[PDB]
2 protein chains.
Amino acid sequence: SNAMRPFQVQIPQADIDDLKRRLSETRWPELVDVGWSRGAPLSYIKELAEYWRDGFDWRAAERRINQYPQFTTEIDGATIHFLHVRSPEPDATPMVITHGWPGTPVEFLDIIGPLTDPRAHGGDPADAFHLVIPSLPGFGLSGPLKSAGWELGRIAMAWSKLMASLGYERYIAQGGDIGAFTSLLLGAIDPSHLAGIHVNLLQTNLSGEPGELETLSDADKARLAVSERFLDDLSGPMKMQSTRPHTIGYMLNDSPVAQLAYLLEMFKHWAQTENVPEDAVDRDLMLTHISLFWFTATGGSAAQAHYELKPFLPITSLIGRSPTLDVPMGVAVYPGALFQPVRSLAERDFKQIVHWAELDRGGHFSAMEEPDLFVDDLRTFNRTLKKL
Amino acid sequence: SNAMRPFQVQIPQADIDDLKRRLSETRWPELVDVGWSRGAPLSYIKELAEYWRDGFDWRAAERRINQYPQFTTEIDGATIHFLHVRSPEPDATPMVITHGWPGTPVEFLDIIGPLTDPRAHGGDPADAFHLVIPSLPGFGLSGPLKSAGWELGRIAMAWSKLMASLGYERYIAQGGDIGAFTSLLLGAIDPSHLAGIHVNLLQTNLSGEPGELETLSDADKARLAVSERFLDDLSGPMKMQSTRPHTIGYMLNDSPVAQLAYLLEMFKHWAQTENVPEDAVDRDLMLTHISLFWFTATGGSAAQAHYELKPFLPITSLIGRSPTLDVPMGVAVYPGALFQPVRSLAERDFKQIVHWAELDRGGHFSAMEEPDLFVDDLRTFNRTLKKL
């Protein structure tokens, strides 16, 4: 292991200076206006980039992150950054909340207060959590990688180490996308140190077998079919990163408008929106998240995740049973999520689902998009555990 | 139709100036050295970019293109650029040679002399061609698009118009990749104005039927299997462009190292190489081709092709019969080609294949990589026609 070194976000003035420079100097491509059908439209990204240049306040954003204790350490040869927010309730339940690609901890800013100091927010002090919010190896404030092989089981092995080093003998593992797989595998590695696992995004695979795609109501079949859209329309980024993540790095690292355009795909389509990204996620919060990728120069290091996680990717396979998991588990189903899980397929592999939530609003970035929902849902799950 | 306006490549000094500027100012991404497995390695692309900065001579390249008469015109609402190189043999056979994505006419510089003035090159004056070498709508020197809907049949409809406007009543349509589909469809549109079609890259689909994947020797099956590699490893760019070509535009348009990294994928892996791109294609010729995309700012306009050509793409389907074609046709099979065609599957749909060549060396950019082969092969095909 290593030690926990206090950390603050401190973007050099010169880096802020270059970013403005590069934005000014953008060579705008000449593209036909087809709305959002082929990527971000010129009108939108151009006035968004002017704002990023001329209105957005990185230092204010930086202070909003730094209100929270952060640390870095070194584990199995990555530096890992994390927020560590202790509740004023000493008996709060510890929970690690792990983002996915293209995630950051700023997804979680709006849930931190209500989860950690429910008492202040007019809530039930018994419902409090202690929070650990790491940035994945190679992502964002964890910084780029200097060696690779960060497969899933290695991330999860590292997370178990982190929680033990922090002193947490009983914790909840929460996440979606890479964070959901990480939490599920911790189920295998730390069954005993686990109060439970909670996933807000869940791919349920058919097994590939006789007795199955038969029992499934028409509604389940349509839920499985949802995946076709991500598959058809939204998986270019994953296919690229799964094969040539260095190439993606060169395509993100030297143009902030490229970095912006690429990530606007997720904020338009993975998030639950109607007319634009800001209907789901505040403009400044989104730009904070995106700027984190730009300043830390982790477009390429973060892309490595799909190359490493190939076997798990929804573009490599949707078929097969997962190992049986017996840790108490909870699912929240968000309607804008790119995959839509069928509980009977989940129950096939998970022996102890004690909580299943179907929310009415919100997409892929569930906590960021609908923090009040997510808070309520996590508190309910936490209650259900405490009775087990 | 419109007129044929004489054209020369004339890149503004200020554009050359910015390119050097941007190369100097590249923010290099921090990536682990894994050779070429995940994209271009740092060592290679960095010294290649220094050369592009400090050694490569665009003006010399520009003069090498401008030794050739060029024109632009306006057809069905695209400006289309083309080389038009008349043979000193007035009775030469006219041939249009059409590139694919990510193609340019500089692929063909080394074949122009021997095809058009065989007499000078110590060859058979009877074997001469007149050449038309267009840049596809939205590609390179044709410039970016200002409206879209450039599906295949529209490109081919435009090509038939161009050849008629140039005065060519009997011509060969040659190409691979988008150029092969274009030539095959001209088979449908201009059967009578066609001497023949020649394709150097050919996807042969199974029909989907009982009587077929059975007659096929083990060797044919392995030829069909080749496709798995492009599919598995090389199709991220196509999947991106097929869904979000504007996003690709933003990722190419504002960083020359991004534009370079992206296209090095094809020059390493689509071309037939061992250790590096320059084993297949001279470094300066390659940089000329890539610089053409950079200066014309057609990374995004060219990407539109896959979005438009979705139904034809090898990532959407490998299955189905094509319409029956009865125009005399010739195939050349290059061993580094990403798809490997089975003649019995080709014969299923093509009623008059009169020439089938299996070459020993060369990949995707067949003429650029092995111009002597390609010349010999085209002359042989031309002979075979003339006897029909």
# chains A, B, ... in the order shown; residues from 1 in each chain; ligands from 1

$ interface_residues --of "chain B" --to "chain A" --cutoff "9 Å" --atoms "only C-alpha atoms" --output "JSON, numbers by chain"
{"B": [25, 26, 27, 28, 29, 30, 31, 32, 33, 34, 37, 38, 39, 40, 41, 144, 145, 146, 147, 148, 232, 233, 234, 235, 236, 237, 238, 239, 240, 241, 242, 243, 244, 245, 246, 247, 248, 249, 250, 251, 252, 253, 254, 255, 256, 257, 258, 259, 260, 261, 262, 265, 297, 298, 299, 300, 301, 304, 307]}

$ residues_around --residues "stretch 366-380 of chain A" --least-positions-apart "2" --cutoff "6 Å" --atoms "only C-alpha atoms" --output "VMD selection string"
chain A and resid 107 to 108 111 127 280 to 281 362 to 364 382 to 383

$ write_last_selection --atoms "C-alpha atoms" --output "PDB file, in the first residue's frame"
ATOM      1  CA  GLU A 107     -21.091  13.817 -11.022  1.00  0.00           C
ATOM      2  CA  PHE A 108     -21.615  13.375  -7.314  1.00  0.00           C
ATOM      3  CA  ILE A 111     -25.467  14.083  -3.499  1.00  0.00           C
ATOM      4  CA  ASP A 127     -29.618   7.500   7.205  1.00  0.00           C
ATOM      5  CA  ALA A 280     -30.316  17.212 -17.710  1.00  0.00           C
ATOM      6  CA  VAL A 281     -27.147  18.686 -16.187  1.00  0.00           C
ATOM      7  CA  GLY A 362     -33.123  10.418 -15.330  1.00  0.00           C
ATOM      8  CA  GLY A 363     -30.527   8.709 -17.557  1.00  0.00           C
ATOM      9  CA  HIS A 364     -26.994   7.386 -17.577  1.00  0.00           C
ATOM     10  CA  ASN A 382     -29.390   1.394   3.335  1.00  0.00           C
ATOM     11  CA  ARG A 383     -32.492   0.932   5.488  1.00  0.00           C
TER      12      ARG A 383
END

$ select_by_dssp --residues "stretch 73-298 of chain A" --states "alpha helix (DSSP H)" --output "PyMOL selection string"
chain A and resi 109-116+152-166+178-189+218-226+228-229+236-243+245-252+256-265+283-296

$ residues_around --residues "stretch 50-54 of chain B" --least-positions-apart "3" --cutoff "9 Å" --atoms "only C-alpha atoms" --output "number ranges by chain"
B: 19-21, 23-24, 45-47, 57, 284, 287

$ residues_around --residues "residue A:58" --least-positions-apart "2" --cutoff "10 Å" --atoms "only C-alpha atoms" --output "VMD selection string"
chain A and resid 11 16 52 55 to 56 60 to 64 284 287 to 288 291 to 292

$ select_by_dssp --residues "stretch 74-308 of chain B" --states "strand (DSSP E)" --output "short mmCIF file (atom, residue, chain, number, x, y, z; two decimals) with C-alpha atoms, in the first residue's frame"
data_model
loop_
_atom_site.label_atom_id
_atom_site.label_comp_id
_atom_site.auth_asym_id
_atom_site.auth_seq_id
_atom_site.Cartn_x
_atom_site.Cartn_y
_atom_site.Cartn_z
CA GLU B 74 -20.58 21.57 -60.22
CA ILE B 75 -22.82 18.51 -60.52
CA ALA B 78 -21.31 19.30 -55.27
CA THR B 79 -18.18 20.85 -56.49
CA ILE B 80 -16.09 17.99 -57.83
CA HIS B 81 -12.37 18.26 -58.45
CA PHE B 82 -10.60 15.96 -60.90
CA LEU B 83 -7.36 15.34 -62.69
CA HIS B 84 -7.81 14.86 -66.42
CA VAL B 85 -4.70 13.45 -68.07
CA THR B 93 -9.05 3.86 -73.61
CA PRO B 94 -10.73 6.27 -71.20
CA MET B 95 -10.77 5.20 -67.55
CA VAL B 96 -12.09 6.87 -64.42
CA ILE B 97 -10.16 5.87 -61.27
CA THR B 98 -12.05 6.61 -58.07
CA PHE B 129 -5.37 5.13 -71.25
CA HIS B 130 -6.90 8.55 -70.93
CA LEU B 131 -7.42 9.16 -67.17
CA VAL B 132 -10.06 10.95 -65.15
CA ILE B 133 -9.23 10.94 -61.44
CA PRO B 134 -11.92 12.66 -59.36
CA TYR B 171 -14.93 4.12 -70.60
CA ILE B 172 -13.64 1.80 -67.87
CA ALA B 173 -14.72 2.43 -64.30
CA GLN B 174 -11.97 1.41 -61.86
CA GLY B 175 -11.68 1.59 -58.08
CA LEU B 194 -19.07 1.04 -70.33
CA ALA B 195 -16.17 -0.92 -71.78
CA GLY B 196 -15.84 -2.61 -68.39
CA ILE B 197 -15.50 -2.35 -64.63
CA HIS B 198 -12.35 -3.14 -62.69
CA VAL B 199 -12.19 -3.47 -58.89
#

$ closest_residue --among "A:336, A:105, A:123, A:179" --to "residue A:268" --atoms "only C-alpha atoms"
A:336

$ closest_residue --among "B:295, B:356, B:339, B:312" --to "residue B:141" --atoms "only C-alpha atoms"
B:295

$ atom_distance --atom1 "atom CA of residue A:216" --atom2 "atom CA of residue A:313"
23.6 Å
